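S.K.: would you be able to build a 3D model of this:
(2 chains, ligands or ions: 1)
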Amino acid sequence: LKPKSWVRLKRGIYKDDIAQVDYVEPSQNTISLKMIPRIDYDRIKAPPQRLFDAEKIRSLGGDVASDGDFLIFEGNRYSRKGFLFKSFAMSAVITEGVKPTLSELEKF
Amino acid sequence: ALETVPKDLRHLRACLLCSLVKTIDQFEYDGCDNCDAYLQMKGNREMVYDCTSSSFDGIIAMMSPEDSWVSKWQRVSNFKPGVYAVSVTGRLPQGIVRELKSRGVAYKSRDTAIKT
Ligand SMILES: [Zn+2]
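M.R.: Residues are numbered from 1 along each chain as shown, chains lettered A, B, ... in the order given. Please find the structure below.
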């Protein structure tokens, strides 16, 4: 596990997706991960990886809060500059065999 | 003295200085049975976080610090009977280490785990 490295979430809607290791917690409990969201922006719920659209999720309304480039939506989901920056458990990700292809490297 | 053993398996921490394993509540209430005279960990949750780390390898029950080979292996033959982890990973804050050195207490890492 290294800073700015890449892991993959074990479960969730982001399962098997490449996520950059944006920050490593000193306590070794969680890590902050950079991800391209897979969200319907609350339009379809009563999905492919897409850049986080702050204006779209603000227009849709519901559980949303912006500080600027940073946004909190849909139960503490953190996004910034079109990219999710969210903390995930070290047991909830796989830390080996992950390398970005060129597309993921361009993405992150 | 049952004060040196956990009452439950949640939120267990290990003292980075003597590898004593207690619940964080026990560390907050009665402090470290082997370091409170040098740390004053009683009644300070933040200081408990600073000096005790939740992350450790193994559990060892210790009964005879003067009559145990594992006590010699772990360098815990001068500590009170309790639940002692095999390896405690972490490091104290630099200020606390310098305070211990000024007092005269050398700080040796308890992380005896083989790295790579
Ligand atoms: Zn201790």
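S.K.: going forward, measure contacts between C-alpha atoms and count neighbours the same way
M.R.: Will do.
S.K.: any chance you could map the helices in the chain?
M.R.: By default, I'm working from chain A. Taking DSSP state H as the criterion, chain A carries its helices at A:54-60, A:102-107.
S.K.: that's the wrong chain, I wanted chain B
M.R.: Under the criterion DSSP H, helices of chain B are mapped to B:24-30, B:36-39, B:45-51, B:69-74, B:94-103.
S.K.: burial count for residue B:94?
M.R.: Burial measure for residue B:94: 9 neighbouring residues, criterion other CA atoms under 10 Å in any protein chain shown.
S.K.: and it, how far from chain A?
M.R.: Here residue B:94 is placed at a distance of 15 Å from chain A (CA to the nearest CA, to the nearest Å).
S.K.: gap between that residue and residue B:51?
M.R.: Summarising the geometry, the distance separating residue B:94 from residue B:51, computed by CA to CA, to the nearest Å, is 11 Å.
S.K.: which residues pair with residue B:60 across the strands?
M.R.: In this structure, residue B:60 has the following beta-bridge partners (DSSP bridges): residue B:84.
S.K.: ok, now which ones touch it?
M.R.: By CA atoms under 8 Å, 6 or more residues apart in numbering or on different chains, the residues touching residue B:60 are B:83, B:84, B:85, B:86.
S.K.: please name the residues that touch the closest residue in space to residue B:38 that isn't next to it in sequence.
M.R.: Nearest residue to residue B:38, sequence neighbours excluded (CA to CA, 6 or more residues apart in numbering or on different chains): residue B:100, at 7.4 Å. Listed by CA under 8 Å, 6+ apart, the contact partners of residue B:100 are B:38, B:106, B:107.
S.K.: give me the number of residues near the nearest residue to residue B:71 once chain neighbours are set aside?
M.R.: In space, residue B:71 comes closest to residue B:77 once its chain neighbours are excluded; the distance is 4.6 Å by CA to CA, 6+ apart. Applying the criterion other CA under 10 Å, we find 18 residues in the vicinity of residue B:77.
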